[PDB]
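Let us start with two forms of the same protein chain, each given on its own as structure tokens and named structure 1 and structure 2.
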Structure 1
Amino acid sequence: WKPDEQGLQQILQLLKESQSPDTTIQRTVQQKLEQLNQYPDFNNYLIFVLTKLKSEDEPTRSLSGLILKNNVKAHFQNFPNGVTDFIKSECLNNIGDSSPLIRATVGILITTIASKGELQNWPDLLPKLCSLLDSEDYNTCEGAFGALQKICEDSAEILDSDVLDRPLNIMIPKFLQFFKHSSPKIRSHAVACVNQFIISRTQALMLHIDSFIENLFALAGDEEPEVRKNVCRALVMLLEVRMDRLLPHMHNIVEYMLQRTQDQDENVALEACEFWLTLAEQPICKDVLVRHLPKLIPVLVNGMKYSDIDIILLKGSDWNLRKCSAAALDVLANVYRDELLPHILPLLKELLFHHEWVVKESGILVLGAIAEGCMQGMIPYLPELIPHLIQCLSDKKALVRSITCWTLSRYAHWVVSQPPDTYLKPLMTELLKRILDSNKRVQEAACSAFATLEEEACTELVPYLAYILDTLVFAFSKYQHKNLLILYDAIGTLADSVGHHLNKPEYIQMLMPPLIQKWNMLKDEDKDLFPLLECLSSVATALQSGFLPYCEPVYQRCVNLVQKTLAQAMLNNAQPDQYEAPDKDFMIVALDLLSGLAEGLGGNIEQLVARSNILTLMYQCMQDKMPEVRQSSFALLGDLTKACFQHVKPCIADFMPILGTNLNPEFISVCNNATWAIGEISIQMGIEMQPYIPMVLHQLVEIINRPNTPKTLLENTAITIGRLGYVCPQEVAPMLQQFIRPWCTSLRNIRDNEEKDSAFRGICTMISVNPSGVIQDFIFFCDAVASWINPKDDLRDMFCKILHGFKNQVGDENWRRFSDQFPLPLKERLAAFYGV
């Protein structure tokens, strides 16, 4: 190309000036590059200074290369080909420069061009890079491998495709030749490259797997950390996808991995420790570790101590050895269950009472990690350990306090199942004290743990409500941002746990002002709305009428957030390159709070909905690609159907075909909420529902006959079928005997409430229309009627009329023989209410 003296002098001057210590000269050199950056000829100069101008010192050539790199990562679309191709050529021709800094800049450039640009726009990068691998000069081969490694790392899923034409079928078998390479760096590159293609089950590798595994074993003896690390991660990944090939060497592999897990180089050890995590998921786990489990447990427990650096940092963190070890112990406890306890109790004995806080802390962690797997076996020891943990909550080391909060929360079920005065009461008391700890990590540990306890305890925390609130509100004053969010979650769970008991003027008065205060201080773009909003959702449901003085602004903001989100997606959908897509959680949370408002306020939401476009917006949410949006909108639909149907009725003809298309059990909560909604609309429509039954019934019967479908979906499906039958017995009546079995099984287990009442009314009217539909499975109906404790009188006589009716057809003889099959409670219950 064409380097000129004047141009070169100006750019070299500018590069020197960009390296000036003066701050003002920096800002003006920066704006000068801002202007120059869009001119392709300038880029020609930048690479020219990098690769050709030996006269200039290295930081200048490299800075030129890096400025060029930013220009590529921000303007490469606008590069013409003549300059691009000049850069490409000059880079590959300098991949092995004897200067390490220049070599690194050329490398970053190359990879950046393949990333920002296009892999299929540089068709001959990979082939050339591979051949450079064979070169003589060491640095040249190192540089090419470095480039390939980076390319495989970010372009992973693109070489395993037909975008190009299988370069892997050439690259992978070539890498495996360099595991035997004399230099540690190159070995590392080779392994790290291959490793990118294990979980993908990449053909080129899978049909060379034998040679791969062989070369990995040949490397086991290598003491160079980077190669050990990569071999370790090879074996870990291989364990997940090509198990068969490894079984015959499993003993030596476990021996190796157990050795590496104890390596003093923490980075090697972490990759080794992943082996136990993924091994514990394979069904062959018990069999493989029979010779090694006794050693594995203490090694894991020992790796669960905080590292020395973390101890110092936390004195005033992502995946590490300690977290990996704790996760591995958790899963192994779930595999081995009570069989683990003889391995674990001697370590706990020596750890839980130790005088060195780091050791004690690890012990409490261990005790928590195994809680799920070993719960049954640990019960005998909990009357001692729980009081001991409660004492540890006031340990003088913050990190002991916080881990104790968590471990106790892991035994919350057992605590709640015991007499409240022995464990629950003192635990809750010290948990509340902790919540107001001066240490921020303790605060958050305590809040999480208290929330978990709240979830488990429920009604058992009604007598200690005022004291709980006393503490939670005070936290408003002391908590900083990060922990106020956890507090909102704790309040939310409290409101869900205690329901209407929260509705007292004093509680409302202490709770609402700081919630509204933070509501007014956060903007519509702040993600921190999610916990506040979800907290408000729970509070509103609990407060009911008590929420009246607060609803209007809350309602208004929520509808708008749904609106602006929906408007954002539309705008992003039109011009994706200029308008970023919105975060739909704002919409999910806004809908959920509106659901809570409608459930809480009931009828009293009418004025707000009358003045709103909530249903026009709701129509758009119900059709969204995202399941959770639909799930929230069908929930809101059901709540508004109950609260103010007059505003919903106009939309039914549109809404129903959409509800009808969301009866898909693959999406449990969407299918559920649609089903519930359709039952609620049924009750309000009455016989006007007749045209809509065919779009839903066929599916509902299939869903109620589907094996392994959650209890709650089946209960709602049954209720809805009952409700449809109540308003339109003729359309649904006919299929009576295809659903009566599971309908009865499911509904026999729910409490006597309005929904159950309504659904049984439906099944009674339907029996009158198609009684033969019940004859064959009358045992199920008898049981379902016997499930009623306190039925309203009209429902009872309906029952008695069908029962008395049935006995009069099969005769006192078939009746007696049939009712012999009644368990005692059943026979007696129906003579007690129905005199059958």
Structure 2
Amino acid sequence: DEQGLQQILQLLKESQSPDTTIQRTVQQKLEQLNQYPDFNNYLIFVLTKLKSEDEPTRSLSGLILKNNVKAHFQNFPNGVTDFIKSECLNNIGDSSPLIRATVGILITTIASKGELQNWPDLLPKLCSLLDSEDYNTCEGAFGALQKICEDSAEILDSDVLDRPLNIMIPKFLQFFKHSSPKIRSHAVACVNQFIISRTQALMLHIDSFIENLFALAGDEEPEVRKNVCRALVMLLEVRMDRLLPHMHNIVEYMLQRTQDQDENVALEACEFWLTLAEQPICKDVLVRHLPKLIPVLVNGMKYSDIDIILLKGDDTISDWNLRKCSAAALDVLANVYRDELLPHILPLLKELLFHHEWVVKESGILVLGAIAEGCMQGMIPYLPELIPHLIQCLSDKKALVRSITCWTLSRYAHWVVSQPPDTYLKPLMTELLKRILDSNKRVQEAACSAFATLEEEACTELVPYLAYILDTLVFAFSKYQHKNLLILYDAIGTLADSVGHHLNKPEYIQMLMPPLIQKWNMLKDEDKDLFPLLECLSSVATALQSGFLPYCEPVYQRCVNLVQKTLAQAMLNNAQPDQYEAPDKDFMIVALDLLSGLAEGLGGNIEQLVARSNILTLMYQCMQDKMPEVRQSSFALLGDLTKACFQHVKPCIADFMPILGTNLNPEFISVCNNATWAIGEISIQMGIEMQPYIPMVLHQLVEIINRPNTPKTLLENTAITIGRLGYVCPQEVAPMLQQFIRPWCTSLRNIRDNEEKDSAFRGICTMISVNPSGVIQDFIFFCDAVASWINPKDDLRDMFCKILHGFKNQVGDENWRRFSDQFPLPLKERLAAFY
């Protein structure tokens, strides 16, 4: 503390040297000295007790200390920590603003990484320094308390410390009228941290808080209005009831603060419209202010002069701007007012899309895109004019105009594909393919994403141009960076999903596969760049089907290795977590999905590969995995392999079914769906041998059917599975026919007459023959299910007729008359004519 103190001071002066090499070499020393027990004893000493040396040196040591708290604080001796905690609280409100801010950031850091409860008398001291007549001590404590409330937004406790916000919050509200704007801004910032959290200490002061907010509403300092605006936005959700009286006064206030001097204030005031547009009373209040708000929102969607510099041209900007916030606000408002928003948009929109200034024109196109979803039914008449114009905007000289044009066109893709292909679709697809190979990297991703969107709405409408589409996409595999390669992977994979088996042509495979095999061979099993590639190949393998035969073996082998290694590393981590790290299961999930692609694509051709491999054992380990997505992907592989090669899956049914029966829990939808679908596919292959496995599966399935909410995809899948289960073993399914048939019929009556609908109904008829007692009570639903059929197969029709006539003979021609009269006309007439 005297013979080694100058040894550190010289390192502080040397660390401030303008030489780059000298800096990093000394910074390393302060890490090699950090491993000493009382090295941090010096850093805090220089900051507070060494008031002889210059300020930037004293500050630097305190900031080196701070970095020695954000790291290596787990090894911080309690004796030394007690020293720093005491010295900082002492020098709160130091004369030098540089030293004070250095001290303040130490307190907020120690209380952040190190926990708050480990510093007991932190809040009681800071909250008692707010009354100090020394302004610096007041600001220093208040500036720290703000960062504490931000870092510790929780620790509201309500029974952990003392609920310190019972004294702090009422004290905070008193500082809303303090002289200094810097103090007022602090006071409002602290309270705002406990608005959404429904703080009981603040909610019983909600009247004093709002009244104090109205006073600070017209403050000069923008940092005050910034916080006041944020507070009102938050109060719009949690305590809407206390704003209705002063509602229109606030809306006007927010409407001016949206056009505020400080853009920072303008953003927070703009979030008010997003919040308000999600409230039930929105469509009642804003109607008055609509003609005055709409142009303000649109005008804010223009590119600022700063953005046009960051975005070169005449992802380098923030995630949230005034532009994106106004775009979002206009998006949501469009879905609230629907077509009633058009009279406020269409006039100014007409004078925006054909404007000569590119900035003003670009913002106009964005407006057209934002209101697409909501005002769709009102924009359709204006589309035959706008759509051909936007396709021309794809050829604009400006880059930012071309990119936004791709996106706006993609939001009307549903209408374009509904129209004749050769008027909109063909020129749009052509011009969009041109922007994929654009010179500007930003326009590329915009078009490649827009094209991927176009492919989903068009599907088989792109089959004629499938050679034109592929030539552009494949060529794009040579001039694309790693950022846009992801979008390309999506566009290619989406194409295969859209055109389906139409992609299975020799000339297509000849150009589409070699670039994919290129990336395949250049990546190692640890590179996370495999995730987008194999997801793409999963769609391609499913589409190419048998055309994927010459590529199956090297793909199949590597996928098994990925799953096997991921599971092996998982076992190692489970045994010794300290020596072996946990593996990324995304490698396993992705590899399993590609295996499903092969099984679904090749079918029986994968039989030789499923055998001579341990994929069955690996799947058995994947189904037990903690991660639901892993279980989701493995169950999907089980079903696809059930159809492909059941002769290899059959010896493992005994241990598969109990796991399948366990994962019939609707908490994880996708897991429950794939499990249910797997059971159904297994039932077909088993036959009457499915008998012992039914009781541990059926009870869940019936529960899922009668279960409220739930997606239709799970209801349909559960009905088909039960139907397939009833077809193979009627004895163990028929007695419970009485209690699932009501939602069973309503679920399958809206499905087209396909194979899945056939096998399900073929089962409901089999367990109606056995125990017909269950269909009698709710026979109204079975009729509507049968009358939904247009062209059922002959044997299934005979089954329907034999059941309907059977019921008709049970009740008589007179009872059947009165019973059939409650049917709608087309349903009543169909049953009479068909059966």
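Here the rigid core means the biggest group of C-alpha atoms that line up within 1.5 Å when the two forms are laid on top of each other. For residue numbers, the reference is structure 1: its sequence is counted from 1.
Asks: Can you let me know which of 434, 502, 722, 272 is the hinge position, looking at how the rigid parts move between the two structures?
Replies: Comparing the two forms, the hinge residue turns out to be 502.
Asks: Please work out, using C-alpha superpositions, how far the smaller rigid part turns between the two structures, and give the answer in whole degrees.
Replies: Relative rotation between the two structures amounts to 12 degrees.
Asks: How much does the C-alpha of residue 31 shift between the two structures, in angstrom, given a rigid core superposition?
Replies: Displacement of the alpha carbon, after core fit: 3.2 Å.
Asks: Just grab the Cα shift of residue 43 between the two structures for me, core aligned, in angstrom.
Replies: Displacement of the alpha carbon, after core fit: 1.3 Å.
Asks: Cα shift of residue 230 between the two structures after core superposition, in Å?
Replies: Comparing the two forms, residue 230 shifts 0.4 Å at C-alpha.
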